[PDB]
Amino acid sequence: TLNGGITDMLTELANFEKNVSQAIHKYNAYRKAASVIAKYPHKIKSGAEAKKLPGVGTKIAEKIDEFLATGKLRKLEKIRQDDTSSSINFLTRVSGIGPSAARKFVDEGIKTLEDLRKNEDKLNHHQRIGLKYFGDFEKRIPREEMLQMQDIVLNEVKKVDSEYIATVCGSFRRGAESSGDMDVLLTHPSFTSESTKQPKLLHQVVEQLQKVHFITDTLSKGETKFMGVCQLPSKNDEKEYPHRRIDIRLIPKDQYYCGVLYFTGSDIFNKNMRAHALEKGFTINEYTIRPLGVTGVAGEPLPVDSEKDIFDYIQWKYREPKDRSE
DNA sequence: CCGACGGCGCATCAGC
DNA sequence: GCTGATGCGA
DNA sequence: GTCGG
Ligand code: NA
Ligand code: NA
């Protein structure tokens, strides 16, 4: 909160770059800047002070000086009042509506949730669902609800086939007090990188979850990845729980733990391990870990049967997810 | 100066 | 109808 | 917008 005004500012500039100007790299540049500054244990007094932080350049430094001297940014103030831009930016909060769709909608007069509600025929399946649960999707999930959600998922998966292995990752696995959604990694001994991928291993799990009315909607669904909506059962006379976003990924047995490691995060922790992995002759990614030859040629992936194995390779002591903040 | 900046599954579109 | 490109979310 | 080869 030391520089909340500054980080809020950069984050707002960030969204407009992505959603309105469609300049994704500028979006990430602003986010990077907002992040480094968010971790700075001091109240910034000038643009030059912040410029020393990695990610803050001349332009953001110039903007910080303006904000400190006036308490605002003229360019930001302007875009905020712009009917077209503020509307485009806003519409992207609807899942399924990206920068392009937001732009086309505003071009034809569709600027608010109400406008969207009156134009269902112009919305695809995903977008209709994003609109339907607009409010719910923006709410966070208390860990206690995640536990109840995990209980259902683990139970139903085992019910389908006790040989399935399912792991709820994300900040939740690291012990987060709340979550934005639920990410489930699924695998089965019968499915490996070079074997049959039976088009129903994932389907049977999604089907069972719908049968017990846990999964309520489907955004997308293929043979390896499902993205949908779910909701805990409500108690009599009890305010119903909000709908939640849940993804379920089927990964080959041999790439499962590389998957759990990666989707467990955090993002910052992954980069460090990737760096360390490199400075050890190994290359780690979402799927595997491979040795790097002398001339930089990657060798075939190394056998992995646990998160620990990955650590063993890069000479690192296994770390509990609760400590993988970075 | 000027290219990199993350990458892939799925839904849907463009081009044939 | 088929194939590759694009939008989207993660 | 920022970095760096
Ligand atoms: Na800097
Ligand atoms: Na969106």
Side-chain angles (χ1 to χ4, degrees), chain A residues 6 9-37 47 50-64 73 75-76 88 91-105 122-131 133-134 137-138 168-172 179-186 199 201-203 206 217-229 244-252 255 258-259 262-268 270-271 274-275 283-288:
Chain A
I6 290 178
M9 169 181 90
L10 301 177
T11 297
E12 209 178 313
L13 286 171
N15 301 326
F16 280 114
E17 288 302 334
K18 175 179 59 174
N19 306 323
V20 182
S21 305
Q22 308 189 199
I24 190 68
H25 304 302
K26 281 196 185 175
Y27 158 74
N28 289 316
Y30 277 124
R31 285 178 68 200
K32 177 178 177 178
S35 289
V36 65
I37 288 177
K51 194 171 188 304
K52 295 188 282 203
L53 307 177
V56 175
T58 296
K59 296 299 208 61
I60 292 178
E62 301 189 308
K63 282 177 162 60
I64 282 173
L73 227 63
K75 290 178 177 180
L76 189 46
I88 292 180
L91 292 186
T92 63
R93 281 166 58 186
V94 177
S95 184
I97 296 186
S100 179
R103 177 59 131 275
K104 281 179 296 175
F105 284 138
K122 297 182 171 184
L123 263 58
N124 57 40
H125 185 60
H126 187 140
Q127 300 172 331
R128 292 179 185 180
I129 288 174
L131 169 55
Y133 303 117
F134 184 78
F137 285 0
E138 294 201 323
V168 177
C169 304
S171 65
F172 170 79
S179 305
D181 58 12
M182 172 167 271
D183 198 24
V184 186
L185 276 69
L186 185 77
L201 280 184
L202 178 58
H203 177 78
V206 172
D217 299 88
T218 303
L219 292 171
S220 54
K221 168 172 140 56
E223 288 174 49
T224 71
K225 190 177 178 181
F226 164 88
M227 299 178 78
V229 187
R244 314 295 200 175
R245 276 283 292 107
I246 180 174
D247 294 343
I248 302 172
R249 314 196 181 79
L250 176 67
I251 303 173
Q255 296 174 180
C258 277
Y262 178 76
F263 287 109
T264 287
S266 66
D267 303 296
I268 295 180
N270 294 318
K271 179 188 173 183
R274 297 190 179 308
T283 179
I284 306 179
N285 63 41
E286 183 186 311
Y287 315 109
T288 61

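Below, chain A is the first sequence line, B the second, and so on; all start at residue 1.
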Side-chain atoms of A/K225 come closest, of B/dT12, C/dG9, D/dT2, to C/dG9
Across the strands shown, which category fits A/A23 at heavy-atom distances under 4.0 angstrom: base, sugar-phosphate, nothing?
nothing
Report the distance from atom CZ of A/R245 to atom CD of A/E138, rounding to the nearest 0.5 Å.
13.5 Å
Roughly how many Å is it from CD1 in A/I248 to P in B/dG9, rounded to a whole number?
18 Å
Could you state the atom-to-atom distance from CG of A/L202 to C1' of B/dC10 in whole Å?
12 Å
B/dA4 and C/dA10: how far apart are their P atoms, nearest whole angstrom?
27 Å
Out of B/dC8, B/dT12, C/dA10, which nucleotide sits closest to the side chain of A/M227?
C/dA10
If the cut-off is 4.0 Å, is A/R245 near the phosphate of C/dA10, judged by side-chain N/O to OP1 or OP2?
yes
What's the closest nucleotide to the side chain of A/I60 if the choices are D/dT2, C/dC8, B/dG9?
D/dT2
Using atom CD of A/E62 as one end and atom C1' of D/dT2 as the other, report the distance to the nearest whole Å.
13 Å
Expressed in whole Å, how much space separates the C1' atoms belonging to C/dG7 and B/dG7?
15 Å
Is the shortest heavy-atom distance from the side chain of A/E17 to the side chain of A/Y30 under 4.5 Å?
yes
From CG of A/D181 across to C1' of C/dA10 the rounded distance in Å is 9 Å
When rounded to whole Å, the CG to P distance for the pair A/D247 and B/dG9 reads 14 Å
So what does A/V94 touch, heavy atoms closer than 4.0 Å: a base, only the sugar-phosphate, or nothing?
sugar-phosphate
Among D/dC3, C/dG9, B/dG6, the one nearest A/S95 by side-chain distance
C/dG9
Rounding to an integer number of Å, can you tell me how far A/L219 CG sits from C/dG9 P?
10 Å
Whole-Å gap separating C1' (B/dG7) and CG (A/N270):
14 Å
A side-chain contact here means heavy atoms from C-beta on lying under 4.5 Å apart; do A/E286 and A/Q255 qualify?
no
Find which nucleotide of DNA chain B each of A/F226 and A/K104 is nearest to by heavy atoms, and output the residue with the more 5' nucleotide.
A/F226
Pairwise P distance, B/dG6 and D/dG4 [rounded to whole Å]:
15 Å
For A/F263, does the six-membered ring have the charged nitrogen or CZ of A/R249 within the cation-pi criterion, i.e. under 6.0 angstrom from the centroid and within 45° of the normal?
yes
A/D183 CG to A/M227 CE distance, which is reported to the nearest 0.5 Å:
9.0 Å
Answer with base, sugar-phosphate or nothing: what part of the nucleic acid does A/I97 contact at a heavy-atom distance below 4.0 Å?
sugar-phosphate
Could you state the CD1-P distance from A/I24 to C/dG9, rounded to the nearest angstrom?
11 Å
Sugar-phosphate only, base, or nothing, as touched by A/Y30 at under 4.0 Å among non-hydrogen atoms
sugar-phosphate
Pick base, sugar-phosphate or nothing for A/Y27, based on heavy-atom distances below 4.0 Å to the nucleic acid.
nothing
With nearest nucleotides of DNA chain B determined for A/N28 and A/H125 from heavy-atom distances, which residue corresponds to the more 5′ nucleotide?
A/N28
Of the nucleotides D/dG1, B/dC10, C/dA10, which one has an atom closest to the side chain of A/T224?
B/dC10
Of the listed C/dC8, D/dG1, C/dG9, the closest approach to the A/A101 side chain comes from C/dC8
Between A/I88 and A/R103 the two heavy atoms that sit nearest each other are CD1-CD, 3.5 Å
Taking the side chain as C-beta and beyond, is there a heavy-atom pair between A/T58 and A/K51 under 4.5 Å?
yes
Scan A/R31 against the nucleic acid and name what it touches under 4.0 Å (heavy atoms): base, sugar-phosphate only, or nothing.
nothing
Closest to the A/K59 side chain, choosing from B/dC5, D/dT2, C/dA10:
D/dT2
